[PDB]
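Remarks on the structure that follows.
Chain letters run A, B, ... following the sequence lines, proteins first, then strands; residues in each count from 1.
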Amino acid sequence: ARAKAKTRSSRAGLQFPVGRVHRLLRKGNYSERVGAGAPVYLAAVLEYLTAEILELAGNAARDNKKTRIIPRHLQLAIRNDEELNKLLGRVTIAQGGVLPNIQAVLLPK
Amino acid sequence: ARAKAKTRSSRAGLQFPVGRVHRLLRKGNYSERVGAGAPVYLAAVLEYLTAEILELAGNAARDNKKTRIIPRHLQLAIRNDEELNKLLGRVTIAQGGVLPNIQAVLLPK
Amino acid sequence: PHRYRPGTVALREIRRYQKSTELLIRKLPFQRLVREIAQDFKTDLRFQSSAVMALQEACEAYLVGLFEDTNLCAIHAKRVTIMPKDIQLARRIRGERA
Amino acid sequence: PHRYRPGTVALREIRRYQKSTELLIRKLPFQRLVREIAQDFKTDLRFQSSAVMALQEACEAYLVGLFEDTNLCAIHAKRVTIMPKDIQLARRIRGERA
Amino acid sequence: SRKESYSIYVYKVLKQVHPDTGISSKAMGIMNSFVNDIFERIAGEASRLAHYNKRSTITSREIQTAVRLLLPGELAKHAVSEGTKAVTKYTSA
Amino acid sequence: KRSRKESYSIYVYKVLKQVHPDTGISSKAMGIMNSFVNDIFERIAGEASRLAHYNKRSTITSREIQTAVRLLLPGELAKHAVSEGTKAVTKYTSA
Amino acid sequence: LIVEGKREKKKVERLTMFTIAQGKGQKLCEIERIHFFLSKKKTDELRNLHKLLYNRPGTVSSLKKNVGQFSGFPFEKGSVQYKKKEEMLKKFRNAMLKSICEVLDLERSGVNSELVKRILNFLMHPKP
Amino acid sequence: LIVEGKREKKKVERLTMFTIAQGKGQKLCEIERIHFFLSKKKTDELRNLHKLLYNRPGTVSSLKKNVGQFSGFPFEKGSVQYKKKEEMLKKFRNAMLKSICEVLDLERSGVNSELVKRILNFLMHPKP
Amino acid sequence: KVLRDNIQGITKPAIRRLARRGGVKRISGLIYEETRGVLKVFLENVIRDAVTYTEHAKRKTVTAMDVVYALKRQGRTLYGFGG
Amino acid sequence: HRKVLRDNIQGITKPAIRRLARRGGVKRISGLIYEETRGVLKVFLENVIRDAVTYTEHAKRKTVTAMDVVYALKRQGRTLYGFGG
DNA sequence: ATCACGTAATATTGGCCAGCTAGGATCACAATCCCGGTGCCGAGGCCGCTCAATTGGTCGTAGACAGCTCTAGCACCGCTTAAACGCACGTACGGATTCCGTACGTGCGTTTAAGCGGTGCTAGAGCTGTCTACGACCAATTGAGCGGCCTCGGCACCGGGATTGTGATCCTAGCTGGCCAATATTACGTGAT
DNA sequence: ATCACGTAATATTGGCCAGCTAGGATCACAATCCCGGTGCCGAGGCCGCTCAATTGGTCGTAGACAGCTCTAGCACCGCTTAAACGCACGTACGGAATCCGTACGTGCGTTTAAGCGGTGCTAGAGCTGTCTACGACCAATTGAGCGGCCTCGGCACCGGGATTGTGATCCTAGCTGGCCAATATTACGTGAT
């Protein structure tokens with residue numbers, strides 16, 4: 001009388017947890033009521049942003065010949081992207097460091 | 001036999017509305033449940049801040065010999081007070097203009 | 001017969017437009033500009049008068065604060081005159097970049 | 001006999017401390033400072049290690065961005081050396097009202 | 001339909017602070033926006049506090065903490081004083 | 001005994017192996033990505049709640065999330081996020 | 001609402017904050033008459049002369065060597081540069097013009113307008 | 001928690017942003033000999049002297065007259081200012097020192113250290 | 001129809017007035033185009049957010065409250081417009 | 001058990017400020033920059049730690065945690081990742 | 001005795017040889033770079049469990065939809081006039097150049113205290129159970145709040161007078177330039193060789 | 001006949017006279033302030049009437065509180081260097097001074113279109129009514145996620161070579177200063193007055 005369990009993330013073709021996002025939206029007092037497509041949409045958005053960040057960071061790492069991402073790679077990916085650096089402009093990453101940027105007038109001639 | 005009704009404002013010694021604040025807190029979706037002293041305390045805080053601004057604005061208006069307060073007077077009060085200017089820093093006030101401030105170097109010698 | 005030396009009428013205009021609060025951009029041009037911009041985001045839009053007035057107040061306050069920061073940058077550069085580099089610096093420090 | 005001309009070491013240090021990510025303030029003195037400051041807000045306090053490390057990361061990122069803005073202000077003034085006026089300007093612009 | 005506001009309450013506070021003084025409609029709209037802004041800030045910080053401590057209830061303590069966090073300096077002190085006084089009074093009756 | 005805490009770590013691992021199968025990530029970087037997920041979640045959900053309140057509606061649906069995305073995320077980021085969200089909602093409704 | 005490609009990454013725009021023109025004539029150093037003057041002269045009279053040849057005054061050390069290599073003015077009579085030099089000569093005090101004549105072996109006995117004309121003709125074609 | 005008093009009103013701190021020192025002796029314009037030399041001399045020469053006297057060069061216009069107004073050095077022999085002028089003098093080329101001696105009616109014949117001493121004594125007490 | 005080249009309605013003297021209200025005494029000639037660009041950017045962002053709030057309200061009319069929310073988003077809260 | 005810890009700002013030494021500046025792209029540094037920076041940092045720390053100790057007392061704790069610091073900074077508009085932001 | 005003149009001793013100046021400084025090229029040292037080996041520890045996988053996610057049914061209500069009103073946004077005209085525009089002109093400003101002093105940068109030896117690892121204590125985080133006080137909820141009440149309407153007074157604007165201020169004009173004193181007369185230079189006549 | 005030299009004409013320069021310019025003081029005019037006066041229109045009050053605030057009661061459960069476990073913070077110690085400090089020194093930098101060119105401010109006359117009011121039309125905001133799809137909730141089920149454990153992969157670090165950037169040194173070249181020889185100046189003896 002019970003069908004084989006199939007999680008919402010699987011019903012949406014995602015990796016992030018739809019059930020957990022539903023739970024957090026309900027427990028965050030964001031709204032008295034929460035639709036069924038809201039957590040799906042939100043998880044898909046989070047998954048896309050995560051994938052963007054990780055794509056750029058893995059590219060940065062491969063540029064430094066590294067197979068393993070560390071905070072500096074995330075800082076590079078973020079600050080070298082116009083949209084991410086706008087989204088996370090008021091954000092500080094621990095052990096991220098800075099982007100190499102010597103102003104030209106300081107270089108000798 | 002029904003006791004005469006006095007508003008929660010009278011019982012607290014305020015001019016601001018406690019019932020309205022309790023309703024907005026209940027209808028503002030800030031928390032599932034709301035205590036009894038929360039709207040009272042909050043209304044008292046709002047009354048205090050309002051009174052502080054109106055004191056400063058009325059002073060400014062008396063300086064210009066004006067009896068009615070206008071947005072310019074509110075801007076003068078706010079920006080001339082440090083704590084208010086701090087809290088209301090990014091706040092923009094329509095028809096409030098700016099403070100007379102000419103940098104010295106621009107003045108003639 | 002009479003001719004003010006440059007910089008005098010400017011200080012007078014400063015004291016004037018600081019003693020006052022009237023909007024300094026003409027309304028109809030600003031409204032046409034707003035509709036032009038919006039028409040690139042959605043077509044056949046309508047604006048309340050209060051909405052245009054709000055956008056105008058916001059823009060004037062924003063540009064006024066920007067010009068304050070710009071005059072500070074200029075003065076910092078030992079220059080009375082403001083220049084585009086001053087604006088770019090003010091915005092880069094404000095976080096508006098560009 | 002070898003001596004580097006002023007500036008060369010500074011640029012090397014710049015390249016170095018930008019390639020790197022370690023914290024640049026010593027941890028013990030910064031911790032003592034945090035506790036000194038907190039004594040004025042509450043007494044007999046306790047700090048988690050992660051809490052002090054977080055305060056340290058934040059204060060270093062803040063000072064680094066401040067020095068970026070300060071170098072920009074300096075350059076704007078046709079200088080290379082940063083001065084207190086440059087910091088005061090960067091702060092007055094960022095909205096900290098120095 | 002009836003719209004809500006804070007106007008009469010501001011006129012009451014004013015008369016208590018400046019019985020000789022009045023206020024214009026525009027200034028009143030500014031004061032109304034100021035009240036609503038402060039309200040939203042304090043209530044947001046209070047809700048966030050309750051959530052951080054996994055509390056389902058907002059009480060005078062949460063509001064007092066949100067005040068300490070938001071209002072700056074002697075303002076915070078005198079607001080905490082005025083709120084504690086008001087809660088004391090309300091509890092007495 | 002029983003101590004439970006939640007994070008997004010394994011989901012970030014999964015996304016990574018989808019985009020960079022031969023690549024890994026450290027624990028510090030994973031904590032940073034967890035903070036990033038929680039931050040963007042709080043931002044989007046707060047914008048969506050405020051939207052529902054502005055319009056005096058008691059429910060958060062795909063529309064509020066879509067608007068909050070289009071408002072918070074910048075430029076092409078918003079377009080591609082909307083695309084992903086719509087695709088996911090479509091697939092979900094086709095149960 | 002659904003796109004068809006990958007995000008077009010947008011590149012961030014970070015805010016990024018002594019040619020001796022040889023003219024027509026002999027170098028003032030190769031003219032022994034004028035060269036003997038400069039040897040007897042000091043970096044002050046030459047300083048007046050240089051504030052005239054290259055618009056901007058030179059450095060105590062350079063001033064000397066620079067006046068030494070003046071090969072003449074590469075422009076002709078009536079050019080905008082000729083008029084602009086003639087005005088700069090009219091704006092010099094008559095004692096200065098007499099000092100410049102003495103540095104160029106020109107006669108220091110003439111009306112202002114003649115001292116101007118005789119210096120300006122010499123500065124086109126420095127002749128021994 | 002209840003503070004029984006009025007609130008202090010704080011104020012926002014906005015980010016706000018040719019004296020001839022008369023010495024001892026006589027003005028170089030009164031001394032007949034020196035005044036006659038300046039009349040015969042030119043703006044050029046006084047560029048080096050105006051640097052020596054007031055630690056700054058002077059306008060081509062207000063140069064000869066300001067050097068004449070020089071009535072002496074208000075400091076005495078052995079002061080930090082005396083030592084700082086003596087070094088300046090040691091750093092001048094021998095031809096310059098001989099030109100400065102000729103502008104002050106001092107004898108141009110002498111060793112560098114004597115030209116320095118004779119100019120420095122004159123610049124304390126300009127005597128006719 | 002369609003409005004075009006309406007940025008130029010933000011005229012040189014109007015920018016001059018704004019500057020004066022900001023404490024400016026002397027102004028370059030390039031300041032005017034820089035300011036027009038700055039303003040066009042500001043308005044693009046504010047009006048994008050406002051039109052977003054509008055469509056989300058299923059309206060075809062932009063209200064003042066939409067503008068107020070948009071500015072609040074840009075971090076430039078505005079008082080006196082129904083806030 | 002309890003001892004006052006005075007003059008601890010001076011533990012933010014000249015070379016440490018120099019390092020921070022270098023990480024910020026600075027080449028040449030005045031001598032007054034050091035005290036200005038110490039004051040700036042003491043102010044920043046005072047505000048952040050005030051907000052954190054506030055969150056703490058509110059939580060009925062006597063120990064300042066990393067979450068208190070993160071919330072305090074997040075409040076100051078300086079969100080921090082890596083500590084559970 | 002004082003003074004003019006020739007002679008001798010002392011002193012100055014032009015020429016020369018030597019010293020000093022400039023620029024370019026060459027060379028050595030150090031920093032940066034790379035490349036392979038090592039171990040080390042954190043990343044990543046596996047597994048039992050549990051608790052949070054899923055499923056299936058019931059139910060109430062939030063919100064989609066349709067229809068009506070009427071408010072308000074848009075478009076359009078004509079007049080007035082202040083603002084915008086275009087141009088002429090000149091002052092004050094920005095930029096460039098030079099110079100000078102000293103404040104920073106760099107290197108070095110000494111000091112000092114950060115960092116690490118180890119031991120002991122203990123306060124307080126964190127969790128669980130009890131339970132009471134408190135808040136949510138509903139029904140009747142009711143009275144504060146608010147929209148509509150009227151009406152005076154604060155104020156914004158006009159004209160007149162008055163005050164502060166800026167720009168221009170006028171006067172006084174010093175320096176520079178031209179003109180005229182005295183004196184040095186050059187050519188011719190005349191005296192000596 | 002050639003050379004040297006007195007005298008006259010020519011040329012250069014100092015004294016005198018006149019013009020020009022910089023600084024200070026004065027005045028004329030023009031923006032700002034003050035003072036009424038006044039018409040207006042928006043604040044301020046009033047009124048009746050609706051729906052949000054209130055009183056009262058009841059009941060579920062949030063969280064205050066006590067008690068226990070045990071993690072993590074704290075204090076202390078002792079080495080071990082790496083970093084910090086003090087200092088000497090010198091050079092690149094900041095600041096000040098000077099000057100020039102022209103860009104921007106100011107003002108005038110002409111053109112434009114903003115503003116203002118009035119008129120007409122109609123989209124769509126806003127409200128109400130309806131009916132229903134959808135989300136909340138509960139109970140039962142179950143599998144994904146979390147924690148603990150383990151075990152090797154990635155990486156840092158080091159030592160040994162290669163390359164490169166920077167600074168010091170060497171070479172050729174130009175300019176200036178000390179020394180030497182020739183010559184001018186000065187003190188003195190002798191002669192004249």
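- Both the backbone and the side chain of A/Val91 come within contact range of chain J, judged by heavy atoms closer than 4.5 Å.
- Neither the backbone nor the side chain of A/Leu74 comes within less than 4.5 Å of any heavy atom of chain J.
- To the nearest 0.5 Å, the span separating CD1 on A/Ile102 from CZ on J/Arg22 amounts to 11.0 Å.
- To the nearest 0.5 Å, atom CZ of residue A/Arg90 and atom CD of residue J/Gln76 are 10.5 Å apart.
- Within the 4.5 angstrom heavy-atom criterion, atoms from both the backbone and the side chain of A/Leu106 approach chain J.
- In terms of heavy atoms, A/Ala94 sits closest to J/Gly82 at CB-CA, 4.4 Å.
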